[PDB]
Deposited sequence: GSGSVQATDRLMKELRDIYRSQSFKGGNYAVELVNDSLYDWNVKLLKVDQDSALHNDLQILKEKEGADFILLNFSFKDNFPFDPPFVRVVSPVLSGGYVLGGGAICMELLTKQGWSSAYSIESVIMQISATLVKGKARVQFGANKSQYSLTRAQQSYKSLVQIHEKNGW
């Protein structure tokens, strides 16, 4: 589609010129150059989660929550499929597998008007409001697209 493609390009161009993205709050990476597959990592998360990320950079790997946006399911008609790739989290409205129990991500709270710049922030917020914490035990294999789909499935 030309509309879905153009709309998507508009969004990424917005994100690029947003003070949110300039301030290092997150990043956007077109996995495999795909304009329909985004890796949005939250870099700047004053909260308990904000704490767990400090000792995340040091102990194991880097310091960020890695999100995956899939725009194949009829976006912007339907919400983008968003999931948590890593790290493994407790609470923050995160479901088994990495799916998010979030309002706007439903077919009853989403709007074609909403920006991807905003849904990212709402996720960064929902995670904090739900007092999300890093499960420093489980391996990343805990979170898979497979586990996220069937999970989000039951949700609906």
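Participant: For this chain, which runs of the deposited sequence have no C-alpha coordinates, given in order from the N-terminus?
Facilitator: Missing CA coords at 1-3, 49-50, 162-169.
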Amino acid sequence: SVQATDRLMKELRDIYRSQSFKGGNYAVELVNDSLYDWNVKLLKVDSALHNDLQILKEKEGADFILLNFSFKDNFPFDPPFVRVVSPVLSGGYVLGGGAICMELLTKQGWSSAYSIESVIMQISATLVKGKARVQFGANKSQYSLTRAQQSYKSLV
From here on, numbers count along this sequence of modelled residues.
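Participant: What stretch has the higher average Cα B-factor here, 63-71 or 50-58?
Facilitator: Taking the mean C-alpha B-factor of 63-71 and of 50-58, the larger value falls to 50-58.
Participant: Would 110-118 or 36-44 have the larger average of its C-alpha temperature factors, as given in the entry?
Facilitator: Mean C-alpha B-factor is greater for 110-118.
Participant: Quick check for you: using the entry's CA B-factors within this chain, is residue 76 in the lowest, middle or highest third?
Facilitator: It falls in the middle third of the chain.
Participant: So where's residue 8 on the chain's Cα temperature factor ranking, which third?
Facilitator: It belongs to the lowest third of the chain when residues are ordered by C-alpha B-factor.
Participant: In terms of the CA temperature factor given in the entry, to which third of its chain does residue 18 belong: lowest, middle or highest?
Facilitator: CA B-factor rank for residue 18: highest third.
Participant: Which third, lowest, middle or highest, does the C-alpha temperature factor of residue 25 belong to within its own chain?
Facilitator: As the PDB entry reports it, the C-alpha B-factor of residue 25 lands in the highest third of its chain.
Participant: Going by what the PDB entry lists, where does residue 135 fall on CA B-factor within its chain: lowest, middle or highest third?
Facilitator: CA B-factor rank for residue 135: lowest third.
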